[PDB]
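Below is one structure, written out as structure tokens; the observations come after it.
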Amino acid sequence: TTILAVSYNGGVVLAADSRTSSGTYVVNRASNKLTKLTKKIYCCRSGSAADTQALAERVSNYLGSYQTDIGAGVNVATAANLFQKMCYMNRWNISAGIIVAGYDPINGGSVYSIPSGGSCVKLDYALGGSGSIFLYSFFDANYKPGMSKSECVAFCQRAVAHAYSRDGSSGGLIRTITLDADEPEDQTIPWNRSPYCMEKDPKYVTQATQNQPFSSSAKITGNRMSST
Amino acid sequence: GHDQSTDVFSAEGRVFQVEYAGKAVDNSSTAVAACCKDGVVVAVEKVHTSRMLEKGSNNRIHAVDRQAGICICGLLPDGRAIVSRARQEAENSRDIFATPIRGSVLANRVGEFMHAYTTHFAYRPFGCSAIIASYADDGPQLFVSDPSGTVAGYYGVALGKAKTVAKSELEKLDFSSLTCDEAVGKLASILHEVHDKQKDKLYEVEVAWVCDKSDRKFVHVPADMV
Numbered sequence: 055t056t057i058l059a060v061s062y063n064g065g066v067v068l069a070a071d072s073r074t075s076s077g078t079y080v081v082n083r084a085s086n087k088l089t090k091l092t093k094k095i096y097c098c099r100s101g102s103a104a105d106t107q108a109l110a111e112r113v114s115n116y117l118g119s120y121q122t123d124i125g126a127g128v129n130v131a132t133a134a135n136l137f138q139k140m141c142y143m144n145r146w147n148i149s150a151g152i153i154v155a156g157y158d159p160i161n162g163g164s165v166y167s168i169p170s171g172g173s174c175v176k177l178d179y180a181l182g183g184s185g186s187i188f189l190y191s192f193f194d195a196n197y198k199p200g201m202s203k204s205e206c207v208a209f210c211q212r213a214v215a216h217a218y219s220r221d222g223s224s225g226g227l228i229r230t231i232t233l234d235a236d237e238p239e240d241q242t243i244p245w246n247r248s249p250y251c252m253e254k255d256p257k258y259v260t261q262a263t264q265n266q267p268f269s270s271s272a273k274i275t276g277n278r279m280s281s282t
Numbered sequence: 007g008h009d010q011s012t013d014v015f016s017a018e019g020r021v022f023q024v025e026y027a028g029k030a031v032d033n034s035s036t037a038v039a040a041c042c043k044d045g046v047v048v049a050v051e052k053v054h055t056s057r058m059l060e061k062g063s064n065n066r067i068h069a070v071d072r073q074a075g076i077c078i079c080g081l082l083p084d085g086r087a088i089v090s091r092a093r094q095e096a097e098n099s100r101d102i103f104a105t106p107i108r109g110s111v112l113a114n115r116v117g118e119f120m121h122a123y124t125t126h127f128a129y130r131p132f133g134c135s136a137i138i139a140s141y142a143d144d145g146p147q148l149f150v151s152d153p154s155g156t157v158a159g160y161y162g163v164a165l166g167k168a169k170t171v172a173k174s175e176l177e178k179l180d181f182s183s184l185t186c187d188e189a190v191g192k193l194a195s196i197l198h199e200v201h202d203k204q205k206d207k208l209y210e211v212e213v214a215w216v217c218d219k220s221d222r223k224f225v226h227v228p229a230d231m232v
């Protein structure tokens with residue numbers, strides 16, 4: 055799993071790969087890990103599909119009740135707070151990295167990370183999933199904040215692609231959604247138009263030279279490609 | 007009693023059992039070899055005792071690695087022992103050091119091994135000189151290790167019974183200019199001149215090379231060039 059969210063001026067992007075794996079087999083290659091909580095507030099789920107689907111459904115339910123009751127929009131902080139509560143109450147029995155991100159008019163776009171222990175941290179961007187370990191340096195090196203919506207979408211797609219090109223546990227599509235004052239725009243990049251992969255990076259086209267032919271010299275030539 | 011074991015010096019600091027093994031090599035069939043700029047050619051006169059051998063019998067020329075070979079002169083069985091040791095060294099170089107054994111190294115190893123059997127009362131010296139022909143990263147190389155274990159590099163070399171004549175004929179060649187193609191002709195020709203016919207009535211001449219044309223692989227030369 056690779057999930058992330060990034061703020062831009064006036065909203066957020068969420069992004070995720072689509073793969074759900076039972077270890078080394080892919081049970082679902084088109085999962086949707088961007089889960090709607092309210093109209094403009096989403097979570098990205100990582101960890102146990104079961105656990106995260108159960109919490110998201112629970113929180114989305116509570117939040118719809120709450121919106122009907124106060125007769126007004128919900129804040130992202132409220133959604134994060136609830137998520138945090140539930141994640142923390144059940145911290146021993148669930149595996150669950152969440153990101154809660156969305157747009158509310160009081161605070162603009164926000165991002166909260168709620169990692170396994172049930173901390174809740176408000177950030178500019180957040181990463182989660184097994185694939186996130188691959189993006190920390192990518193962000194450190196290549197993410198400048200203050201990006202436009204469209205730049206930010208493309209950057210999150212790149213970021214996911216980089217992650218899932220190295221994490222065996224992430225893969226498939228890249229789903230994104232933006233969340234701001236306007237209508238949510240979901241997008242889905244199929245793998246074969248991924249903005250990065252190792253199988254198409256020109257610096258990984260030359261094969262490692264492992265299967266040298268038997269020679270009278272130490273000079274390395276190439277792999278032996280044919281018997282003759 | 008000065009001459010019964012190789013573990014013993016004579017009063018002049020000779021080791022007779024080595025000189026004696028030496029004589030085994032000199033009473034043997036003749037070999038020659040030439041180290042050109044494009045490779046090494048080694049040829050050797052096989053003397054049969056029977057008219058009924060298979061062609062191929064008692065090869066005196068053995069590959070030791072892709073790029074190296076040993077032509078034995080003297081007791082063939084003793085040589086196959088050296089050839090086995092050379093092959094173990096070549097394998098070691100590839101297995102441990104992931105490189106083909108350089109020829110100077112191979113010949114040194116061969117020499118060390120032969121010399122070892124001149125030091126200890128329990129073994130005798132080998133009755134064979136090995137000619138080593140390599141063409142590894144050190145270039146074309148031709149060494150000879152004699153029964154004492156003394157090793158020397160040569161441009162051209164002759165061993166066995168006609169060695170003194172064959173050397174006179176090898177001196178007429180121009181080693182700076184000579185090519186492996188020409189040498190197969192010359193070296194074989196030489197072994198036909200110095201062969202004595204009324205003694206050793208049955209003989210073929212086995213030739214092998216390692217050169218740029220053979221893709222620096224050590225091989226018998228096709229029997230069209232002879």
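From first to last, the protein sequence lines are chains V and G.
Residues in the first sequence are numbered consecutively from 55, following PDB author numbering.
Residues in the second sequence are numbered consecutively from 7, following PDB author numbering.
Idealized CB from N, CA, C, for every residue including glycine.
Mapping DSSP to helix, strand and coil, what is residue 43/G? DSSP places residue 43/G outside both helix and strand once states are collapsed to three, so it counts as coil.
Let's test the definition: count the other Cβ atoms within 10 Å of the Cβ of residue 232/V and tell me whether it reaches 16, buried, or not, exposed. The Cβ neighbour count for residue 232/V, taken over all protein chains shown within 10 Å, is at least 16; the residue is labelled buried.
Neighbouring residues, chain G, relative to residue 270/V (Cβ below 7 Å): Chain G residues near residue 270/V: 72, 73, 106, 141, 142, 222 and 223.
Curious, which full-length beta strand (DSSP E) runs of at least 3 residues does the stretch 61 to 147 of chain G contain? With a minimum length of 3 residues, the unbroken runs of beta strand (DSSP E) contained wholly in the stretch 61 to 147 of chain G fall at 67 to 71, 74 to 80 and 134 to 142.
At a cut-off of 7 Å, would you count residue 92/G as near the ligand GDP, judging by its Cβ distance to the nearest heavy atom? This structure lacks the ligand GDP, and indeed carries no ligand of any kind.
Could you have a look at residue 210/V and say whether DSSP puts it in helix, strand or coil? In the three-state reduction of the DSSP assignment, residue 210/V falls in the helix class.
Which listed residue (152/V, 133/V and 136/V) has its alpha carbon closest to that of residue 102/V: With distances taken between Cα atoms, residue 102/V lies closest to 152/V.
Using the C-alpha atoms, what's the distance from residue 42/G back to residue 182/G? Put simply, the backbone Cα of residue 182/G is about 7 Å away from that of residue 42/G.
Status (buried if at least 16 other CB within 10 Å, exposed otherwise) for residue 9/G: Residue 9/G counts as exposed, since fewer than 16 other C-beta atoms from the protein chains shown sit within 10 angstroms of its C-beta.
According to the neighbour-count rule (16 or more other Cβ atoms, all chains shown, within 10 Å of its Cβ), is residue 198/V buried or exposed? That one is exposed.
Apart from the five residues just before and just after residue 164/V, which ones in its own chain have a Cβ nearer than 6 Å to its Cβ? By the criterion of a C-beta distance shorter than 6 Å, residue 164/V is surrounded in its chain by 130, once the five residues flanking it on both sides are discounted.
So, at 7 Å on beta carbons, what are the nonlocal neighbours of residue 276/V in its own chain, with the 5 sequence-adjacent residues on each side left out? Excluding sequence positions up to five before and after residue 276/V, its CB lies within less than 7 Å of the CB of 263, all in the same chain and listed in chain order.
Alpha carbon to alpha carbon, how far is residue 103/G from residue 85/G? Give it in angstroms, no decimals. One C-alpha to the other measures close to 26 Å.
May I ask you to list the residues that DSSP assigns as paired with residue 215/G? DSSP, once it has assigned bridges, lists 47/G and 225/G as partnering residue 215/G.
Do residue 133/V and residue 98/V come within 8 Å of each other at the CB atom, strictly closer than that value? No. Outside cutoff.
Residue range of the alpha helix (DSSP H) that includes residue 190/G: Element bounds for residue 190/G: 186 to 200.
Helix, strand or coil at residue 33/G according to DSSP, with G and I counted as helix: When secondary structure is reduced to three states using DSSP, residue 33/G falls in the coil class, being assigned neither helix nor strand.
Determine contact between the stretch 104 to 113 of chain G and the stretch 238 to 246 of chain V, defined as no fewer than three beta-carbon pairs at a distance below 8 Å. Under the Cβ criterion (8 Å, minimum of three pairs), the stretch 104 to 113 of chain G does not count as touching the stretch 238 to 246 of chain V.
Classify residue 262/V as helix, strand or coil using the three-state DSSP reduction. Three-state result, residue 262/V: coil.
Below 8 Å, how does it come out for the stretch 133 to 146 of chain V and the stretch 168 to 179 of chain V: are there three or more Cβ pairs, yes or no? At 8 Å Cβ cutoff, the stretches touch.
So, helix, strand or coil for residue 78/V, using DSSP? The DSSP-derived three-state label of residue 78/V is coil.
Taking the beta strand (DSSP E) that residue 208/G belongs to, which residues open and close that run? Note, residue 208/G: premise wrong, no beta strand (DSSP E); not H, not E.
Tell me which same chain residues have a C-beta within less than 8 Å of the C-beta of residue 161/G, skipping the five on either side of it? Within the same chain, 40, 41, 148 and 181 come within 8 Å of residue 161/G by CB-CB distance, once the 5 residues on both sides are set aside.
Helix, strand or coil: which one does DSSP assign to residue 274/V? Residue 274/V falls in the coil class under three-state DSSP.
Within the same chain, show all residues whose beta-carbon is closer than 7 Å to that of residue 155/G, passing over the 5 residues directly before and after it, in chain order. The beta carbon of residue 155/G sits closer than 7 Å to the beta carbons of 117, 118, 120, 121 and 124 from its chain, once the five residues preceding and following it are set aside; these are given in chain order.
Which residues mark the beginning and the end of the alpha helix (DSSP H) in which residue 241/V is found? For residue 241/V, no alpha helix (DSSP H) run applies; the uninterrupted beta strand (DSSP E) run containing it begins and ends at 239 to 243, by DSSP.
By Cβ distance, which residues of its chain are closer than 6 Å to residue 27/G, with the 5 residues on each side in sequence left out? Same-chain partners within the cutoff: 131, 133 and 153.
Quick one: grab the DSSP three-state call for residue 150/G. In the structure shown, residue 150/G sits in a strand (DSSP, three-state: E or B).
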